[PDB]
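[1] Fold the following and give me the result.
(one chain, ligands or ions: 1)
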Amino acid sequence: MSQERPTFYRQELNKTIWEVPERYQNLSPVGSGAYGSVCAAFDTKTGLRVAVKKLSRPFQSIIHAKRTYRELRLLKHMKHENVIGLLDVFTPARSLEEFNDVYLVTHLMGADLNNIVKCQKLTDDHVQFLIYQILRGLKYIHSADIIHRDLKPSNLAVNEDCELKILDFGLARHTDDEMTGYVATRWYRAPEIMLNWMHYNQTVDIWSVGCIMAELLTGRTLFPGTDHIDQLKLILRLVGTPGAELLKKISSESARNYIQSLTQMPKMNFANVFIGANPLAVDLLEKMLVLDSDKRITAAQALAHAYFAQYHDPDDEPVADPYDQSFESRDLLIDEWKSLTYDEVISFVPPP
Ligand SMILES: Cc1ccc(C(=O)NC2CC2)cc1Nc1cc(=O)n(C)c2c1cnn2-c1ccc(F)cc1F
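    Residues are numbered from 1 along each chain as shown. Below, you will see the structure:
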């Protein structure tokens, strides 16, 4: 019938005012930017270390308003061990009229894959377990018909016992400048989206996993291009130049035309590339790093691969409920996106 408002308290961290319920204590900044500022906290109600993201003036434009709604809808949907999920969402605002701030609460993680790939020297069993968890989370995400679109080591978060969660799905929107040059922001992207060959699907994320897996196995970035074209050449050297069948799938005439200008190359022998690696790891890599996106292994298919024999459990690899994505094609005003967001904030039910 009803729900009770908690008591809020105010607190400044690095020149920004945080107003949060009393349950959240020991707030400590971890990061900031356009992706919102994030603090670590201790939730006294659940005994959980949590991350709290503040979105300030998330309704300054139509695109900001829609993105705020999108992020909240995304987080509300995900209920899976290997996917970041919403523990709590709140606003200190008492009505829609004063509602101009959104806080999102998730589990606090210990490090990202960039931070761990360094502190440590990973074994094959470590790689098995990390990649298994990524694919387990991806199976769930893809089953809701959500594409991550920007899978990289920086949005894969890990705790001390190597338990992994996927962050930042469905919401990456980089500028041209951020994708230019010798930059990690582009190194994990599938060729078809890097050069906009065609309308992309979920198979884009599997390419990213292959890149991440290779890096975990070798300690080296697989395709560290100095630019879009240099990266493509790195990719084509390994996987071969496109055949006739794939060329007609490239709907972009300019892109298909550039491809045809290149000297044709055969697929390399992956056993001569990833020397000393588990042959099962090499085999899976060959199935993930396929130029034709239609022919790439799926997350669900990859979980059943022999490489994951010690972790695979078909009764413990769940799919998601349907995700209603119809808002994406909808054109609304700021106050309409704001009202929708507000409804989602108040309708939130905490996890058991
Ligand atoms: C609070 C929140 C809100 C939204 C989303 C998200 O993925 N939103 C997209 C899907 C729609 C994620 C989070 N959670 C974190 C955000 C963050 O920036 N960091 C750094 C986080 C978080 C959780 N832990 N950590 C974290 C702390 C310390 C480290 F060393 C390493 C870490 F990953």
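[2] only C-alpha atoms for contact and neighbour calcs from this point on.
    Fine.
[3] Count the neighbours of residue 201 for me.
    Using other Cα atoms under 10 Å, residue 201 is surrounded by 17 other residues.
[4] That one in helix, strand or coil?
    Here residue 201 is recorded as coil under DSSP: H, G, I helix; E, B strand; the rest coil.
[5] residue contacts, the residue nearest to it when sequence neighbours are not counted?
    Leaving aside its chain neighbours, residue 201 sits nearest to residue 147 (7.0 Å; criterion: Cα to Cα, 6 or more residues apart in numbering). Residues counted as contacts of residue 147 (Cα atoms under 8 Å, 6 or more residues apart in numbering) are 141, 169, 170, 201, 202, 204, 205.
[6] Kindly recompute the last result at 10 Å.
    138, 141, 169, 170, 171, 200, 201, 202, 203, 204, 205 (Cα atoms under 10 Å, 6 or more residues apart in numbering).
[7] count of neighbours near the closest residue to the first one other than its chain neighbours?
    Closest residue in space to residue 138, ignoring its immediate chain neighbours: residue 299 at 6.3 Å, by Cα to Cα, 6+ apart. Burial of residue 299, expressed as a neighbour count using other Cα under 10 Å, amounts to 25.
[8] For residue 299, give me phi and psi.
    When quoted as degrees, to the nearest 10, the phi and psi of residue 299 stand at phi -60, psi -50.
[9] how many other residues sit next to the closest residue to residue 91 other than its chain neighbours?
    Distances taken as Cα to Cα, 6+ apart put residue 102 closest to residue 91, at 5.4 Å, once the chain neighbours are dropped. Neighbour count for residue 102, taken as other Cα under 10 Å: 22.
[10] residues in contact with residue 102?
    If you count contacts by Cα under 10 Å, 6+ apart, then residue 102 has 36, 53-58, 68, 72, 89-93, 341-342, 345 around it.
[11] For it, grab phi and psi.
    Taking degrees, to the nearest 10 as the convention, residue 102 sits at phi -130, psi 130.
[12] Look up how far residue 342 lies from it.
    Residue 102 sits 9 Å away from residue 342, going by Cα to Cα, to the nearest Å.
[13] got it, and residue 20?
    Applying Cα to Cα, the value for residue 20 to residue 342 is 17 Å.
[14] Generate a PyMOL selection restricted to the buried subset of the contacts of residue 102.
    Of the contacts of residue 102, the buried ones can be selected in PyMOL as follows, counting by 16 or more other Cα atoms under 10 Å:
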select buried, resi 53+54+55+56+58+68+72+89+90+91+92+341+342+345
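[15] Also near the ligand: which of the contacts of residue 102, exactly?
    Counting by Cα under 6 Å from any ligand atom, residue 53 from these sit close to the ligand.
[16] Which ones among the contacts of residue 102 map onto strands?
    53, 54, 55, 56, 89, 90 (DSSP state E).
[17] Helices of the protein, start to end?
    Ranges of helices in the chain, per DSSP state H, are 62-77, 113-119, 124-143, 184-187, 191-194, 203-218, 228-239, 244-247, 253-259, 279-288, 299-303, 334-346.
[18] Could you double-check that the residue nearest to residue 138 lies in contact with residue 288?
    Yes: the pair residue 299 / residue 288 is scored as a contact, 9.5 Å apart, by Cα atoms under 10 Å.
[19] I am finished for the moment; much appreciated.
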